[PDB]
């Protein structure tokens, strides 16, 4: 029995789309991952234990002799001592901070943990923050709402076998986030010819014209969507809808209105 690297996975202020994204991995499939590659030692969405038994699994993981890597899903609600986001009776910020202190590394899966996400959008009633801001430490950000399983599992595998991958100014691995969506879009030739759709019901839209005029944030969004696709079959623009730019920090307030460039 060769030892598998311990991974602790925390859920804070989140919708769980990130967990769901990760289990759409096919290279490799999630069961081969956690049976052969890592030791997923805490993951509330799928773990057998509950309550104190679950809280004891976490603590057993955190006190592991071999140490652990920390994955974080969700932003951190900080209003009122952090009480608006609790697990086992403890503020989420408190548990994330405690887990972060000894982690070999922190990977933030999704735009919420990386940057704050949807709950941070104005007027931010829970005073949510991204992990790195709330804890004051650097994170490996895998943003996207949610990010492609290719990017996360890619990062995780890298962090266990190679080290920290090269990161852009926003903490994003350049292996996955080094090119704009727009530059790998098949509708680029339309954008270059000023061949836009002015509405979704228009003939232009039927012909597959560029969606820039309908608010596509592709030209300002770093991600690999058109190159890798999702679910091995599709991506938003291929399905005729503009990019929201869901992998950019605070896009909820920098990319809206979504159907405009305004």
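Residue numbers count along the first chain shown, from 1.
I need to verify one thing: averaged over C-alpha atoms only, is the B-factor higher for 231 to 239 or for 59 to 67? Averaging CA B-factors over each stretch, the winner is 59 to 67.
May I ask you to compare 160 to 168 and 182 to 190 by their mean CA B factor in the entry and name the higher one? Between 182 to 190 and 160 to 168, it is 160 to 168 that shows the higher mean C-alpha B-factor.
Checking the entry, which one of 119, 111, 132, 83 has the top C-alpha B factor? Answer for 119, 111, 132, 83: 132, with the highest C-alpha B-factor.
Taking the chain's C-alpha temperature factors as the reference, tell me which third residue 256 falls into: lowest, middle or highest. Middle third.
For residue 46, the third of its chain into which the C-alpha B factor falls: Tercile = highest for this residue's CA B-factor.
Chain-relative CA temperature factor third for residue 212: For residue 212, the deposited C-alpha B-factor lands in the lowest third.
According to the PDB entry, is the CA B factor of residue 139 in the bottom, middle or top third of its chain, that is, lowest, middle or highest? As the PDB entry reports it, the C-alpha B-factor of residue 139 lands in the highest third of its chain.
With respect to C-alpha B-factor, does residue 88 fall in the lowest, middle or highest third of the chain as deposited? For residue 88, whose C-alpha B-factor we compare with every modelled residue in the chain, the answer is the lowest third.
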